[PDB]
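Asker: Protein chains in written order, with the entry's author numbering: chain V, 91 to 353; chain W, 257 to 288; chain E, 1 to 51; chain Y, 28 to 70; chain A, 47 to 70; chain H, 588 to 660; chain B, 28 to 503; chain F, 1 to 220. Cβ atoms here follow ideal geometry from the backbone N, Cα and C, with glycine treated the same way.
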Amino acid sequence: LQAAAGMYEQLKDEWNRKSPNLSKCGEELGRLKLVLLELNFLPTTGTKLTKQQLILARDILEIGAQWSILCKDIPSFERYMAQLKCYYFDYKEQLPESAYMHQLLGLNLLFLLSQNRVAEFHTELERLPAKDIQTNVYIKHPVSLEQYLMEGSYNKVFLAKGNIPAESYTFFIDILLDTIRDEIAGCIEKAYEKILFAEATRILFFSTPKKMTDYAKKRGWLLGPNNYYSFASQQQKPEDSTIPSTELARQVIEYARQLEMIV
Amino acid sequence: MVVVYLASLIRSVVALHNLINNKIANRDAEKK
Amino acid sequence: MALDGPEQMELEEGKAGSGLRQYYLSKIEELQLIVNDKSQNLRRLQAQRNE
Amino acid sequence: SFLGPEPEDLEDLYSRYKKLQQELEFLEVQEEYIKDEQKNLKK
Amino acid sequence: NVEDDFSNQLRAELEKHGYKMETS
Amino acid sequence: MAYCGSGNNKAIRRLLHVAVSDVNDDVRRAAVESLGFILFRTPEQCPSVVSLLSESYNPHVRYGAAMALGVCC
Amino acid sequence: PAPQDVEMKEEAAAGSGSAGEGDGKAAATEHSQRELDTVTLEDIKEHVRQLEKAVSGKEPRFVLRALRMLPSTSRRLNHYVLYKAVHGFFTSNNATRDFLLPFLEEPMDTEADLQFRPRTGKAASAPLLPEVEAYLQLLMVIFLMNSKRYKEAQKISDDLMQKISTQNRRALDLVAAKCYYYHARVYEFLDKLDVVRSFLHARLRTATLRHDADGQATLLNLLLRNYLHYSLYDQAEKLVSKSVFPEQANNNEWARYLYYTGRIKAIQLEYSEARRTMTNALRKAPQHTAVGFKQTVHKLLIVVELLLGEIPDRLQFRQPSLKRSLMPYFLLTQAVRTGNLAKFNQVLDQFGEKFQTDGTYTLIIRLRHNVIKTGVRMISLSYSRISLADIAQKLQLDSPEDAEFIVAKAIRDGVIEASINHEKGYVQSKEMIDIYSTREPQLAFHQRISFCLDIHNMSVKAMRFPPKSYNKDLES
Amino acid sequence: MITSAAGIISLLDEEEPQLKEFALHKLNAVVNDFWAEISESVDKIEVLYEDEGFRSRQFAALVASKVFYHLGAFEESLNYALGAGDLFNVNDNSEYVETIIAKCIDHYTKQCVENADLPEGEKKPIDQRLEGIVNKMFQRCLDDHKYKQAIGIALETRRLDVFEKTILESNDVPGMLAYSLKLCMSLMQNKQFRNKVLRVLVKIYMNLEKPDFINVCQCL
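1. Rounded to a whole number of angstroms, what is the C-alpha to C-alpha distance between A153 of chain B and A53 of chain B?
2. At a CB-CB cut-off below 9 Å, which residues of chain B make contact with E15 of chain F?
3. Going by CA-CA distance only, name the one from V:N317, V:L112 and V:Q324 that's closest to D163 of chain V.
4. Could you check where the alpha helix (DSSP H) with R44 of chain E kicks off and where it finishes?
5. By the DSSP assignment, the beta strand (DSSP E) with residue 255 of chain F in it spans what residues?
6. Using a Cβ-Cβ cut-off of less than 7 Å, list which residues of the region 300–329 of chain V approach chain B; keep chain order.
7. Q423 of chain B and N367 of chain B - do their beta-carbons sit closer together than 8 Å?
8. Are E58 of chain Y and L42 of chain E touching if we call contact CB-CB under 8 Å?
9. Can you give me the C-alpha to C-alpha distance between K114 of chain V and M240 of chain V, rounded to a whole angstrom?
10. Among B:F272, B:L250 and B:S411, which has the Cα closest to the Cα of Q262 of chain B?
11. Check the Cβ of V222 of chain B against every Cβ in chain F and list those closer than 7 Å, keeping chain order.
12. Whole alpha helix (DSSP H) runs in the region 202–239 of chain V with 4 or more residues, listed along the chain?
13. By a C-beta neighbour count over all protein chains shown, 10 Å radius and 16 as the cutoff for buried, is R107 of chain V buried or exposed?
14. Would you mind reading off the limits of the beta strand (DSSP E) that contains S411 of chain B?
15. Within its chain, find whatever has a CB closer than 6 Å to the CB of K265 of chain B; leave out the 5 residues flanking it on each side and keep chain order.
16. What did DSSP end up calling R439 of chain B once you bin it into helix, strand or coil?
17. Have a look at V:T298, V:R309, V:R271 and V:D304 and flag the residue whose alpha-carbon is nearest the alpha-carbon of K280 of chain V.
18. Taking 8 Å as the threshold (beta carbon to beta carbon), is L33 of chain E in contact with chain B?
19. I'd like to confirm the pairing. Which residues does DSSP put opposite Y282 of chain V in its beta bridges?
20. Can you look up residue 547 of chain B in the DSSP assignment and give me helix, strand or coil?
21. Which stretch, first to last residue, makes up the alpha helix (DSSP H) that contains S456 of chain B?
22. In terms of residues, what are the limits of the alpha helix (DSSP H) holding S180 of chain F?
23. Could you tell me whether any Cβ in chain E is nearer than 8 Å to the Cβ of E52 of chain F?
24. From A150 of chain B to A154 of chain F, what does the alpha carbon distance come to, in whole angstroms?
25. Check the Cβ of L166 of chain B against every Cβ in chain W and list those closer than 8 Å, keeping chain order.
26. On the premise that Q77 of chain B lies in contact with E69 of chain B, defined as a C-beta separation below 8 Å, what is that separation, rounded to the nearest angstrom?
27. Within 8 Å, do at least three Cβ pairs link the region 326–336 of chain B to the region 287–302 of chain B?
28. Taking only heavy atoms of the ligand FMN into account, decide whether any of them is closer than 7 Å to the Cβ of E16 of chain F.
29. Use the C-beta contact count for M588 of chain H: other C-beta atoms within 10 angstroms, 16 or more gives buried, fewer gives exposed.
30. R341 of chain B: buried (16+ other C-beta within 10 angstroms of its C-beta) or exposed?
31. Between which two residues does the alpha helix (DSSP H) containing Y209 of chain B stretch?
32. Which residues in the same chain have their Cβ closer than 8 Å to the Cβ of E13 of chain E, if we skip the five residues on either side of it in sequence?
33. Answer with yes or no whether the minimum CB distance from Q128 of chain F to chain H is below 8 Å.
34. Count Cβ pairs between the region 250–268 of chain V and the region 199–212 of chain V that sit closer than 8 Å; are there 3 or more?
35. Between the region 415–433 of chain B and chain A, which residues of the former have a C-beta closer than 8 Å to a C-beta of the latter?
36. Check whether the Cβ of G594 of chain H lies closer than 8 Å to any Cβ atom in chain Y.
This is the structure we're talking about:
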C-alpha cells in the first residue's frame, strides 16, 4: 500500500532492486499520492504524536525523487523535494533524521548549479541549513563546487568529490561537466576586447572546431575557430558622449519640480 | 529643523506638565 | 466587539450592530487624520504669510 | 485593548462625522487661499 | 590593518645600494 | 443667499479668489462681505477666514471683513 | 526603609507617562507620542530610577498597588517581570508592593491615566480604560528587556500583550507597537525553540487593520531578526521588500532596520549596499537599549565589509573597545588581504561554531571568492597593464591561468572593472584621463541634488508637528 | 517543532487534485500564525481559486482573502471573497477576517452613489454577495433600535425606505424622524436626493397623530 518497510508496501519494492526499473519508481509515486493523503494530513502540524506519521510521509516522497535523477526526471524531482525540505529543516526529534535526508539534500544543491543560478544556491543553503544538519561530506561537493565557480576558478572546481557519494549524485555530474564549460565561455566574452583564436581555445578546453561551434551559438559568437569575444567590451565605451544633453544630464525634470515647490 | 526640535523638546515638558497639574487638582478635591 | 460579544440589552453596546465594527471604526479614525493634517498645513502657512 | 464606548463608536459615523464634513470643506478652502495670498503679498 | 611599510624600512635601504648596479 | 442653508466648497473658494486678484476697488470690498453670508449656519468657520483679511492694510478688504463677521455671528 | 528613598522618583515616572497617554487620546498627535515613549523615557525609567539608586521592586509597585486585575487580564503581566509571588523574580528590596502592604504612595494620582483605584480593575467601561491598559504594558516592558528576564515569563508576555487587543486605535496601537518589540528582543536572546515568529505575525494583522504607521514599523524590523535566527531565508527577503519603513522613526528603529537589510543583502552578493547600511547601523545605535543587537552588528559587519573587498582598519577594532571579541574576524581580515586560500579555509572551520551564533557563518564561506578578489583588486586598479604572472606570484595563486579565469569572472560582477587582453597577457585598467568630456562629474553632483531635495521636503513637514500637537493639548 | 508553513504549500505544487484539496484546507488553518511565507506563494493560490475544477474551490478563494488582508490589500481580498460566494458567516463572527466583511459594506455604499442617478434604488444592478452583507447591516439597525444607525446608511445607498422607517415597527415615531431632517441638510448640498427623502417622511407622518408636529414642519 505505502512506501514503508517490508516488501508488502508497493513503492518499497521499487526503492530496492526487486524492480530494477528507474522509471517505474517515479511512475508509481503518482499512485502513491492517494495513499499519502492520510499520512501527510496530520504531521503538517508538528507534535510528538505526529512523529510516527512524519517518517512515512517522507518515505513515499524521498524514494520517488531519488530514483528520478538516475533517468533524468529532474524537474519532477525538484517539485517533490520541496515538501522534503520543510520536514528536514524542522520537526526536530520526530525523525526527519535519516540516511535519506542526507542524500536528498545533496541532490537538490547539485541541481541549482545545473540551472546556473549561483544566487539561488546561497539562499537555499542557508534555508535548510544544508551544511550542518547532516554536514559537508557528500553535501560538500556542491557547496565547494559552487564556491569555486563563484570565485572564478575552473581548475579546482572538482567532480571527483561528487563520485565519493554514489547515492545518485553520480548522475548529476553528467550535467555539471556542461556547466563548468558554460561559465568559462561567458567570462571569456567579457574578458577580451579582441585576442587571437589560438590563445583562447586552450583555456576553453575546446580543441576541436565542433566544440567551438556548439557553445558559440549560445554566446552569440559567429563560426567555430573564429569568434567575436568583442561584443561585451563594446558596451563600456558610450560614457564619452555629451552632445545630446536631455537624457545624458538626467533628472532635469525631477530636480526642478521639487525645487519650485520648496521656494 | 534641529533648532526648532530642541525648543520642541522644551515645550514638551510644559505641555505634559499641564495634564498632570489637572490630575493633582482633581485628586485634592475628591480626597476631602 | 462582535455579534456574539458582550451586552444582551443591545442599545448600550448595539450587540447586533457590532461584528461589522471595522466599518464604523475606519470612518472615525479617517476624520481624526484629515482634520489634523489640514489644520497643520494651514497654521504654518498662516504664520509665513503673516510675516 | 477594546474601545470603551461601542455605542458612541457605532453612532458617531452618522452623527458627528457627517455634519463636520461641510465645516471641513471650508477649512480646505481657507488652506488654498492662504497660499495664493501668501504668494500675492510676495508680488 | 597594520601597514606593511614598517617592515619595508630595513629592507628598502639596503636594496637601493645593490639595485642600481644590478638592473638598469 | 443661495449657498446659505448648506454651503458649497466651490462657492466659498470663488469669493476669496476674486478679492485678491482685483485692482477694482469696489469689486474687492464687496467679495469679502459675502463670505459671512454663505457661512451663516456655521458661524464658527468665519473669524479665521476673516483674520487673514483683517491683517492687511487694504481698507477695502478691512470694510468687508467687518460685515462678514457681523452677519455670521 | 528601602522603597521610601526611590519613592520620590516613582512620582517623577508617573508624571511623564500620565501626560503621554493624555496626548494620544485627543486626535492624531502621533509624532510626539513615539519620541517620548522609546529611548528617552526608557533610559531614565530603568537605569536612573531603579538600578542606580537600587530597588527594582518598585516596577510591579508602579503598575499595581491598588489591586487591579484589569477587565481583560493583565494582572499576571505585572507579576512576571518582577515579584512573581515570592521576593524578586530578579531583585526585590521592597517592603511595600501589593503583596507586602498595599499602598504607600500614589503614582496612580487617583484618576485613570496610568492606573487608578480597584474600582477600575474589577470592571469599568470608560474610554479612559483602553488607554490605561495599552499604557500599563509599556511601563512593565521597560525593565523586562534591560534586565533580560527569561523562562516562562517570556512565553506568557505574548498572550497578554496581543489577543486581548484586536481592537485598538491609532493612539493605542502605537503604544502596544513599542511594547511588542522590546519583548521580542528579550525572546530572541534566550534562544528558545518556542516560536518567536508566530506571535509577531499574529500581532501584524492587528497593526494593519488600525492602519497605524508605528505598528508596521516596529513589528517588521523584529520579524526579520527572528527570521535570521531560525535561518529561513525566503520569508525575510519578501518582508524586507514590503517594508517602506517611515522617515519619521525613532533612532533605535533606524539602526536595527538597516542592520537586518544588510545581513540579508550580504549573502546575495549585494555587499556594496550591505556594508554601507551596516557601518551606518553601528553609529546610529545608542549606548544603552541597543547593546545586544549592537554587538552583533559590529561582529557581522567586519565579515560583510570584506565581502565587498574593503580591507578594514585596526582603528575599527580598538575604538569601541571590543577588540578581544572581534579577534577572530581580525584573522579573516588578514587572510582576505594576502590572497592565499589556505589560511582562510582553516579559520572558517575552527571558529565555525562561534560564528554560527552571531549568524556570520553563512557569510564566512562566501569570502573564498573574496580572498583572491580583494588581492587582485588592489593590483588591477593600482597599475595599468600588469601580467597575470605578477598577480599570481604576489597573491600566492596556483597559476597565472587560474588567476586569469578569476579576474574574468570579477569584471563580469563589475567591482573591479577592467578588460583583459590575453595576447601578450596582461590585465588592463579602464581609465579616460579626463572625466569632463563625460557626464560623470555632472551626474555625481546631480545625485547629491536629489538626495538634498529629499532633506528639504522631509524637514518642512516634520518641523511644525510637535508644536501643533502641544497647542490642542494646552502648554504651560 | 514547527515554525514553517512551507511543507503545506509544496503539497499544492505536487501532483494529483486530491492532494491539493486537503492541503488548501490545512493552509487555511495555519495562515494567521505565519502570514509572511504564504504571501510569497500568493500567486499559486490565485490559480487554484481560478480553476472551477477543484472541490475545495471555496477554500482557495478564502485562503487568498486571508493573506490579502494581512498585507493591507483590502480591495483584492474582496474580489476573491465575492468569488467563494459562501463562508462569509465564519468570517463574520471573527474579529480579524471581519475586516473583509466590513469592506463589502464600505464598497457597496460608494458604488450606490454612482448607481443612484439612473435607478434610484441600489437594488438588483449591484451584486448579490455585497447586497447580502448590507441587508444584514439593516437587520442590525432594526434590532438595536438605534434610529441613527438607520439614517446614515440610507443616505449613502440612496434608498428612501430605511430613512422612513428606521425601525420597521415605527412605534417610536417622534424623534426618530427629526434626525433625518438635520442630517440630510448638513452633509450634502444635493438638492435632488433631499426632496425624495422628505416625501417618504410625509407618508409616515400622515398616517399617525403620534409623531410630533415640530418634526413635520421641518420637512414641509
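Answerer: A quick look at the data gives this:
1. Between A153 of chain B and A53 of chain B, the alpha-carbon positions lie close to 15 Å from each other.
2. By Cβ distance, chain B contributes nothing, its closest Cβ being about 22 Å from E15 of chain F, past 9 Å.
3. Nearest to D163 of chain V by alpha-carbon distance, out of V:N317, V:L112 and V:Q324, is V:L112.
4. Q22 to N50
5. With chain F represented from 1 up to 220, any question about residue 255 of chain F goes unanswered, as that position is not in the structure.
6. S323, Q326 and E329
7. yes
8. With a cutoff of 8 Å on beta-carbon distance, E58 of chain Y and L42 of chain E are scored as near each other.
9. 38 Å
10. B:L250
11. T3
12. 208–217
13. exposed
14. For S411 of chain B, there is no enclosing beta strand (DSSP E), as DSSP marks it with neither H nor E.
15. none
16. helix
17. Considering only alpha carbons, the answer is V:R309.
18. yes
19. B:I447
20. Beyond the ends of chain B as shown, which are 28 and 503, falls residue 547 of chain B; an answer cannot be given.
21. Unbroken run through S456 of chain B is the beta strand (DSSP E), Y453 to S456; no alpha helix (DSSP H).
22. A178 to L187
23. Not one chain E Cβ lies under 8 Å of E52 of chain F.
24. 36 Å
25. In chain order: nothing, as chain W lies at least about 16 Å away.
26. Actually they are not in contact, since the Cβ atoms of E69 of chain B and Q77 of chain B sit about 11 Å apart, beyond 8 Å.
27. yes
28. Absent from the structure shown: the ligand FMN. Ligands present: none.
29. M588 of chain H should be labelled exposed.
30. exposed
31. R197 to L217
32. Its chain contains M1, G5, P6 and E7 as the residues whose beta carbon lies nearer than 8 Å to that of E13 of chain E, once the 5 sequence neighbours on both sides are disregarded; these appear in chain order.
33. Put simply, the CB of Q128 of chain F is far from chain H, with every gap to its CB atoms at 8 Å or more.
34. yes
35. Along the region 415–433 of chain B, none of the residues has a CB nearer than 8 Å to a CB of chain A.
36. yes
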